[PDB]
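1. This one's a deposited entry, sequence included:
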Amino acid sequence: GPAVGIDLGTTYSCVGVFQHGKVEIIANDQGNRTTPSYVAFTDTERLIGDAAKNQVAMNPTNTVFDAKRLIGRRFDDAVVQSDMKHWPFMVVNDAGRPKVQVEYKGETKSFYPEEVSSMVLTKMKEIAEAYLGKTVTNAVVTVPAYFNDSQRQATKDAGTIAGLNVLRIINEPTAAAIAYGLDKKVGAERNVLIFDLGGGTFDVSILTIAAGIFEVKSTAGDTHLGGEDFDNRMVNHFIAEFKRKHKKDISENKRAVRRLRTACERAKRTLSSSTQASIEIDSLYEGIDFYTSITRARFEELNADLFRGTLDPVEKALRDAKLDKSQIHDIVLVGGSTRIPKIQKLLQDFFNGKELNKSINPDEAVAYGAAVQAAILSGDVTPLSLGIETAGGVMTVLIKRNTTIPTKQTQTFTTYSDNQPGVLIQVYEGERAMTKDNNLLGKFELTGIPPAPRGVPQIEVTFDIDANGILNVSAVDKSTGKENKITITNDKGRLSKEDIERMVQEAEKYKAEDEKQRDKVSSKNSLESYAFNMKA
Ligand SMILES: O=C(O)c1cncc(-n2cccc2)c1
Ligand SMILES: [K+]
């Protein structure tokens, strides 16, 4: 019995299976392909999914949602603290941990965000078990690419509590790229931008995919922007439209506002395929019927700042990834709000007409990729960057990873100390900033350098890779022609596919700490005489 991929989203969750060469997204008991991430508690029962979201108006103090916003955080976290000012349900400080507090069958009960989300995994489990007719245990579950090891572990804990064996935790932008098979496209490396706009969150992620390996170069977004905000703009417009045409403010009637919000979400769906949408609400306030219309143009005007604003996280991420928008090879639309025609055009205009990858249901694509990965775990170019130690144990790359073979690349270095007699050349493998966090391939001395002031001697290191993967590293003293070389054996299978992933992921986890370290040294390709990692 195969494994499942689950997208445990902030507001909605989704479950997929790869069975007999096809990925199927599994509907819930009420026929929905997506289930609200809501756990409602009452005097009698525990509600999960649609029935919990459906009773929110009756039991808002005991209905929990947005548990992804607490999961793996301190109670004192600024996001936690401010986020509470919008949640009808109670959050409390147990030993510096958030715990949502709720009344369940007369008694008061407290749950950790892992437990809340575990109940959502329990529902997705049962939904797949009803579809598949068999117990499901093995599952891949996705997380936002910006999640820290504490939030990934918390998510895994929710799955384990749920009775799930979590085969692996993968980033939502990577699953989305998997879904679209971007890792099976030939050619050099590829940069992918994932534009993910859900009901409540916005995430932009830039990835590079070469030889089936994914590195997340950058993440930007807005954790408090989503389709609900667009609905909110519609709601306020119509409330003022009612006040202007009926001299009545409906907002102090709670049921009246809800019915309006519900009308507005419907029309926003219509305005993705039509240029106009109707509002037909009987007896909305004080017996007045509200029958009116909103054009897509008026809808776009109400969300002009919000729609154009999404290009800023797009620009930040291209910046942080040190890429020009001309260097993106694929754009993936993810999230149901990416169906909004204006969102699509903005992004497409910003990318000079580039087509958008959007043929998979953007609500489903993350679970779909997560299902491709579950079945995989269930049943050329250089692998790593190559470089030498410069002053400070710093990694100075000469052959970037994913570079085609055979290649030859050369750089000129200099001495760090005055009258340096020699440089010790130390070849390294890896994507970390410091050589100590990388793999030492070989060492050799270049000696007999004519004494001079620091930065005057010229040392030309060349990296040469034939087509068998035989790396050859040589240094020439430019003032005399003296040279030395090392030949590095290409051991077949020395690194597994998963070995490369661990190195790439460590550079992803510490990219910031590595960033600052690269900045601190001013060597600019100076070479010392000793191994930096062996000095007292
Ligand atoms: O979630 C949204 O913002 C959204 C916007 N436009 C259209 C849809 N839509 C249409 C058919 C199924 C979903 C959803
Ligand atoms: K997820």
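-> Sure, I can see it. Numbers count the residues shown, from 1 in each chain. Ligands and ions are numbered 1, 2, ... in the order given.
2. contacts and neighbour counts: CA atoms only from here.
-> Noted.
3. Next, the residue in the stretch 151-300 of the chain that ligand 1 sits nearest to: secondary structure please.
-> Nearest residue of the stretch 151-300 of the chain to ligand 1 (CA to the nearest ligand atom) works out as residue 269 at 3.7 Å. Following DSSP: H, G, I helix; E, B strand; the rest coil, the label given to residue 269 is helix.
4. I figured residue 482 was touching residue 476, is that so?
-> Yes. Residue 482 lies in contact with residue 476 (CA atoms under 8 Å); the separation is 5.5 Å.
5. of these two, who's got more company?
-> Ranked by neighbour count (other CA atoms under 10 Å), residue 482 and residue 476 place residue 476 first, with 18 against 14.
6. Assign a three-state SS to the more buried one, would you?
-> On the three-state scheme (three-state DSSP), residue 476 is labelled strand.
7. Any residues of this protein in contact with ligand 2? List them.
-> 7-9, 142-143 (CA under 5 Å from the ion).
8. Mind checking what secondary structure residue 508 has?
-> With three-state DSSP as the criterion, residue 508 reads helix.
9. Now do the contacts for it.
-> If a contact means CA atoms under 8 Å, 6 or more residues apart in numbering, then residue 508 has 215-217 as its contacts.
10. repeat that with 10 Å
-> 145, 215-218, 431-432, 502, 514 (CA atoms under 10 Å, 6 or more residues apart in numbering).
11. for residue 119, same thing?
-> So residue 119 contacts 37-39, 46-49, 125, 158-159, 161-162 (CA under 10 Å, 6+ apart).
12. again, only this time at 7 Å
-> Residue 119 makes contacts with residue 162, as judged by CA atoms under 7 Å, 6 or more residues apart in numbering.
13. What of residue 275?
-> Residue 275 neighbours (CA under 7 Å, 6+ apart): 295-296.
14. List phi and psi for residue 196.
-> The phi/psi pair for residue 196 (degrees, to the nearest 10) reads phi -120, psi 100.
15. do residue 309 as well
-> The phi/psi pair for residue 309 (degrees, to the nearest 10) is phi -60, psi -30.
16. Please apply the same query to residue 458.
-> The phi/psi pair for residue 458 (degrees, to the nearest 10) is phi -120, psi 120.
17. could I get stretch 281-297 in CSV with only the CA atoms?
-> Extracted in CSV, the C-alpha atoms of stretch 281-297 (Å, rounded to 0.1, in the frame of the first residue of the first chain):
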residue,chain,number,x,y,z
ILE,A,281,-28.6,39.1,-1.1
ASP,A,282,-32.1,39.1,0.3
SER,A,283,-33.0,41.3,3.3
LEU,A,284,-29.3,42.0,4.1
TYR,A,285,-30.0,44.7,6.7
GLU,A,286,-33.2,46.2,8.1
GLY,A,287,-35.2,44.3,5.4
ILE,A,288,-33.4,46.0,2.5
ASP,A,289,-32.4,43.7,-0.3
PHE,A,290,-28.9,44.2,-1.7
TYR,A,291,-28.9,43.4,-5.5
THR,A,292,-25.9,44.8,-7.3
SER,A,293,-22.8,44.0,-9.4
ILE,A,294,-19.0,44.5,-9.4
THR,A,295,-16.8,44.5,-12.5
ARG,A,296,-13.4,42.9,-12.6
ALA,A,297,-12.1,46.4,-13.2
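18. For it, list every residue counted as buried.
-> Within stretch 281-297, the residues that count as buried by 16 or more other CA atoms under 10 Å are 281, 284-285, 290, 294-296.
19. Could you do stretch 519-533 as well?
-> By neighbour count on 16+ other CA under 10 Å, the buried set for stretch 519-533 is 523, 525-532.
20. Dump the residues of the chain next to ligand 2 into CSV; add neighbour count and secondary structure as well.
-> CSV is the format used below for those (neighbours: other CA atoms under 10 Å; DSSP: H, G, I helix; E, B strand; the rest coil):
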residue, neighbour count, secondary structure
7, 28, strand
8, 28, strand
9, 27, coil
142, 26, strand
143, 24, strand
